[PDB]
Each structure stands twice: as structure tokens, then as C-alpha cells.
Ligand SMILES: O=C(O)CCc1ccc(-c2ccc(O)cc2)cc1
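Presented below, as C-alpha cells, is a lone chain in the form solved without this ligand.
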């Protein structure tokens, strides 16, 4: 039957079922005050689906100049066209090939550039902002968003939203690679999965996706959403509590040293955005430092709420279009304060 919510991560993750339920705040605010991420499903059913397709972005913006990133080695592909990314998003026979003749796994960098989303894409901007869940927290002028109400003693978010556009990781070797490496944000954010592209040509890449979720430590109920309801899984997240950030820095300093990196005792491996915690590193974090995380599979139309200060990493399973908006909740304003 229809229900207001359910739980993932063995009861540790709230999943809200109705993105426009005017009573969601009553369930949300207790989990949020405790420093937990939250998932909201069904946002895709509220959007104009024709605005969020890879073919539309190619047709409308394809002649713009852009840089790409190669996800396998972090190398920059300089001064190519927006269409060189979008036309290979699902059709593997159209992707830029590395010099080994394999199709590359690419990310579109800084697009739209800086704060230009609203000017470049006004119809998309309105469609996203009017359908965000928890609107008192997430709208630019929400009653519980302090972004526009704080003095310069607080770090304020840039004007959003921001897009995260990248191909899926494919091979067994790619299982230990990040789409986006471990980092943290001093603002809160909501990240919405607006499109999942399941490729063709080299399409039938279903079994390595299940091994990735299993080794990723996904709970048994999360595994039922694949096998039972057939929704499209986009990306595997690991999120850690803001309180655990220093213990994670202690682990990554120790591993940097073991691997022959030469680093001052105080350098910040989270701010560096150079690490992806693979199954080996995640087990070491739990066993050596006592730190547990949240393993989250983000399906089409899932909104992931990411607490200010919480370290997080993302591994795309298929090609994904995500759009995120920053906000400043009262529960987490301490994380952006510039003193003590």
C-alpha cells in the first residue's frame, strides 16, 4: 500500500515516499538534527521529462567549448565541444577513445560554468526549484534556509544549482575508482537524480553492477529495489557523519605515508579531493578507527540530502545527470561559521 516513509541502512536512513507531502518536515527534522543524510524518492514523476534528456542538451548547447575529465586517471581533455560529451552518453560507439582504443569514462567539468545555470537554462531552473522536496529548507527564500539571512562571519553558498554529468564506470578495475572523490561541503545540499542512461552496443553490463553494489556494502532492503520493483540505479554513494571527518583524515594520512607520499603531519586529505575509499579502505576505517558510514544507491528520481560537513564520495553505475542545490539549515549552521 502507499505509505509516508520506510527505512534503509538497517534503520539508519530515512526514505520519504511523497516528495510534495506537506507533512514531510515532521519526520525529516528529527533525523536531520542527528546529522543523518535523508533520501526522498519519486522526484522524477514531478518534473518535465523532455527537459532532462541528453539529446536535448546536445541539440540546444552542443557548440559550447568545454573541458572534460577522464575518470580513470583524472587527466583533463581541454577545449572540446559540449556535443563530444552528450552524443556518447548512452551510445558507446560514439565515445572519445583513449590511445588503447577503449571508450573513455568521462565527466563534463564546470558546466554550466559557475553561477550561469539560471541565465543559460531558465525553463530547467523553474522546473527544478518548484519541485524540490522540503521546500522550507531547500528554496532560495524558504522560511528555514538561512543562506540569504547571515552576515559575513558565515561562509554563504554560491547561487545554484550545479550539475553533475558523467558516464558510468564499467570494468572490474573501475570498481575502485571514484566518479567524484571523497570531499565535504560547508553548506547543506540536496542532489536530485534527473536521468539515468543505460547504454547500448556494449550493453548487457548488468552483472558487474550487482557485484559493485554487493562489495559496496549495500543493505539487503536496498538490494530488493533492483530485483523487485525494477527501478533504474544511477550511482553508489558513501556518506560519513561530520563528527567522523578528523578520524578519516588520520586514516588517509597513515595510508599516504604507507604508499610513500611525503606530506606534512597537518595536511588535509579530504580537502585535497584525491582519495576514493574502496572496499579495503572502508573495512580499515571501521576496524582501525571505529567509523561506520551510509552506503546509498541513488535511483532515478531519488533526492539525497547531504549534511554540512559530512564527507562523501560518488561512484556512477550507469551514465547520470544529477542537479544539486545548496542551502543553510539552522540545524547545521555551526559548520559554516568563520570563528572558534
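Numbering follows the first chain given and starts at 1.
Below, we turn to the form solved in complex with this ligand, even though it does not appear here.
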Pick from 206-214, 80-88, 168-176, 126-134: which stretch has a heavy atom within 4.5 Å of this ligand in the deposited complex?
206-214
Report whether the minimum heavy atom distance between residue 150 and this ligand in the deposited complex is within 4.5 Å.
no
Look up in the deposited complex whether residue 74 has a non-hydrogen atom within 4.5 angstroms of this ligand, and give yes or no.
no
Residue-level contact is defined here as any heavy atom of the residue lying within 4.5 Å of this ligand in the deposited complex; does residue 161 satisfy this criterion?
no
Residue 252 versus this ligand, in the deposited complex: is there a non-hydrogen atom within 4.5 Å?
no
None of 231, 257, 116, 202 but one has a heavy atom within 4.5 Å of this ligand in the deposited complex; the exception is 231
If you check 105, 194, 226, 144 against this ligand in the deposited complex, which one has a heavy atom within 4.5 Å?
226
Within 298-329, which residues come within 4.5 Å of this ligand in the deposited complex, counting heavy atoms only?
318
